[PDB]
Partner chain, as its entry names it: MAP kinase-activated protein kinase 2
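In structure tokens, the next block holds one chain alone, the form deposited without its partner chain.
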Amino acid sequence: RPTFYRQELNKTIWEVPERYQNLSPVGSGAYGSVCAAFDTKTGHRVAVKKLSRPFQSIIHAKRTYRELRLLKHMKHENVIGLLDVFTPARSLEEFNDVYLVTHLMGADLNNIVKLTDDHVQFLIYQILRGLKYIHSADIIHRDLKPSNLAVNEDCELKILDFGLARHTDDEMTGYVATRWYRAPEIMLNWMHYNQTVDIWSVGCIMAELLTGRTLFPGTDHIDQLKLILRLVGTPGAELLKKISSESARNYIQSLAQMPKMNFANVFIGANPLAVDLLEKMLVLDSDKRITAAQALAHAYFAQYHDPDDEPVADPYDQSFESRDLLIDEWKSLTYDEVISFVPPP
């Protein structure tokens, strides 16, 4: 067991192992408070996140378990991973606080977004390479957007900030980036959605790297659906059948029919292989979109694609998601996961 030291940073008590030094506040979300630190063990600048009220409700206890399980599983160059997890508690009886340690992220994609076609190839390649790994575990991100992508001076990219089913109605309302990257089936609750929603989000991201503009900057959910359908066309009877909400079906049928536009006349000057890939991602019927594994083999990525270096994940058991438990049962499962953690080589 390491020796812990205590200190108050911006109105909060932090108790951490001696290996973590020179803590300075650097974050203010909802999930927790975040400090930058130097790890004396590895030599890395690191992010230390202290969870707020991790066990205040069944909902919160289960979210805390979910986020730890997910972060302990992800071992990929293009995904956020866990360097350490710790609690100052000596027993389950006194267990209240959970701290997560990752590499310290600087720029997000917004901070770096003038880009060549070669920059767009390499950036979208890394998103698909990390997505193929994510989807192979039967995990759905549900919230890919430029603020959820960390990028360094060398244009190396990692995916972070997995959707933990946290996003709120008020957060999705009006002229907001939080909704611009979402698939229409999940934006308007048309159907049981699946991993294809992430490919729609990657298409909105690639289009914005090519043009420097948001592809669908809607002023509300209805404005955004009108922008989407003017690009990809209105649905035919085959997709209409697959919308379970009678009311969402009737509203769509109220709209005058529109054909799919010519993407060469929308993405003017773009590499033709870039245009062809966008047509394969931005398909209204989710059953018909290109998968991450299929996209990696598209000729657009010819100079980066290496099928011996696009790894898949170990199997990921999510049976806990259908389990009904007490606050103390989730907290007990969380404790075992903290104490069993094994750091990377």
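Basically, rigid core = biggest C-alpha set you can superpose within 1.5 Å across the two forms. Numbering follows the first chain given and starts at 1.
Same protein, other form: the form solved in complex with its partner chain, not shown, and the subject of what follows.
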item: Its partner chain in the entry with it bound reached by all of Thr196, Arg289 and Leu333, non-hydrogen atom within 4.5 Å; value: no
item: Region of this chain that lies against its partner chain in the entry with it bound, out of 197-205, 233-241, 131-139, 150-158 [heavy atom, 4.5 Å]; value: 150-158
item: Non-hydrogen atom contact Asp317 with its partner chain in the entry with it bound at 4.5 angstroms; value: no
item: Contact test in the entry with it bound: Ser322 vs its partner chain, heavy atoms, 4.5 Å; value: no
item: Interface membership of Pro217, its partner chain in the entry with it bound, 4.5 Å heavy atom rule; value: yes
item: 4.5 Å heavy atom contact, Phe86 and its partner chain in the entry with it bound; value: no
item: Interface residues of 185-199 toward its partner chain, as seen in the entry with it bound [heavy atoms, 4.5 Å]; value: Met187, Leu188
item: Conformational change between the shown form and the other one, one of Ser136, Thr196, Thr234, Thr87, C-alpha moving 2 Å or more after core fit; value: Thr87
item: C-alpha of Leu70 off by 2 Å or more between the shown form and the other one on rigid core; value: no
item: Cα displacement of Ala297 between the shown form and the other one reaching 2 Å, rigid core superposed; value: no
item: Rigid core superposition, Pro311 Cα moves 2 angstroms or more between the shown form and the other one; value: no
item: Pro184 and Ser319, C-alpha gap in the entry with it bound relative to this structure (3 Å or more); value: farther
